[PDB]
Amino acid sequence: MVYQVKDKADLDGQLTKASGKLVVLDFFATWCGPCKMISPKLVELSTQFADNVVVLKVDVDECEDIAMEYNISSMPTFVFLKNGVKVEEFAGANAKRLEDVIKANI
């Protein structure tokens, strides 16, 4: 349910297919402790809101150009989009905050 983009083009297509659903972009790194710590929760929410949410993971070491483009500097950073418009964005592994956002903007 949680898809990890191959590159910008891949991201620019996943967002298209997404249509009018809440999109959650998880910018993370494999060396980031808090990122792993929240990955399970993201998965849970992912399936708990399948049909009305689409979670895309973006590895910063693999897609550095997408990291610069979105101006990320802290991991994990969650950018929430809906119909092509940033609905919100925050960094850190605050699991409750994460569920709050998905739920409130689903």
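Position 1 is the first residue of the sequence; numbering continues from there. All heavy atoms count here, side chains included; hydrogens, waters and symmetry mates do not.
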If you look only at pairs with a residue in residues 27-69, which of them pass as a ring-ring contact (aromatic ring centres under 6.0 Å, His included), with sequence neighbours excluded?
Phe27-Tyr70
For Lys41, I'd like to know if atom NZ has over 12 heavy atoms of other residues, nucleotides or ligands within 6.0 Å.
yes
Determine which pairs satisfy ring-ring contact (aromatic ring centres under 6.0 Å, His included) with at least one residue from residues 76-106, sequence neighbours left out, and list them in order.
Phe78-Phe90, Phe80-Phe90
For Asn71, look at atom CG and say whether over 12 heavy atoms of other residues, nucleotides or ligands are found less than 6.0 Å away.
no
Compare all side-chain heavy atoms of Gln48 with those of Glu99 and state whether any distance is below 4.5 angstrom.
yes
Do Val24 and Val54 have side-chain heavy atoms sitting under 4.5 Å apart?
no
Give a yes or no on this: more than 12 heavy atoms of other residues, nucleotides or ligands lie within 6.0 Å of atom CG of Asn52.
yes
Return the minimal non-hydrogen interatomic distance between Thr30 and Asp59, and the atom names on each side.
CG2-OD2, 3.9 Å
Do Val53 and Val23 belong to the same hydrophobic cluster, where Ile, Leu, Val, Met, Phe, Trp and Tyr are linked whenever their side-chain heavy atoms lie under 4.5 Å apart, directly or via other members?
no
So do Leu45 and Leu98 actually touch side chain to side chain, heavy atoms under 4.5 Å?
yes
Tell me, do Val58 and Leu11 make a side-chain contact under 4.5 Å, heavy atoms counted?
no
First locate atom CG of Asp7, then atom CD of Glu62, and finally report the distance between them rounded to the nearest 0.5 Å.
10.5 Å
Shortest non-hydrogen contact between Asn83 and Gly20, atoms and distance:
OD1-CA, 3.1 Å
Steps toward side chain to side chain contact (heavy atoms under 4.5 Å, CB included) verdict (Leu56, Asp26)
CA-CA 6 Å; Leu56 274 33; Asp26 181 2; over 6 Å; no
Disulfide (SG to SG under 2.5 Å) against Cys35, all qualifying residues, sequence neighbours excluded
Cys32
Could you go step by step and tell me if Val60 and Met75 meet the side chain to side chain contact (heavy atoms under 4.5 Å, CB included) rule?
CA-CA 9 Å; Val60 302; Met75 14 254 337; 3.2 Å; yes
For the student: nearest non-hydrogen atoms of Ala93 and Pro34, plus distance:
CB-O, 3.6 Å
Scan for side-chain hydrogen bond (donor to acceptor under 3.5 Å, both in side chains) pairs involving residues 87-97, sequence neighbours excluded, and state none if there are none.
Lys86-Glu89
When clusters are formed by joining ILVMFWY residues with side-chain heavy atoms under 4.5 Å apart, either directly or through shared neighbours, do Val79 and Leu42 land in the same one?
no
With sequence neighbours left out, write down each residue that passes side chain to side chain donor-acceptor pair (under 3.5 Å) with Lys82, or none if nothing qualifies.
none
For the student: nearest non-hydrogen atoms of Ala29 and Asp61, plus distance:
CB-OD2, 4.2 Å
Only pairs at least two apart or in different chains count here, so list each side-chain hydrogen bond (donor to acceptor under 3.5 Å, both in side chains) that has a residue in residues 14-24.
none
Is the closest side-chain heavy-atom distance between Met1 and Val43 below 4.5 Å?
no
Give me the atom names and distance for the closest heavy-atom approach of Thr77 to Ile72.
OG1-CG2, 3.8 Å
With hydrophobic residues grouped by side-chain heavy-atom distances under 4.5 Å, do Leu25 and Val87 end up in a single group?
no
Go through the steps to decide whether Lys6 and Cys63 satisfy the test side chain to side chain contact (heavy atoms under 4.5 Å, CB included), and finish with yes or no.
CA-CA 7 Å; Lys6 247 79 167 186; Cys63 299; over 6 Å; no
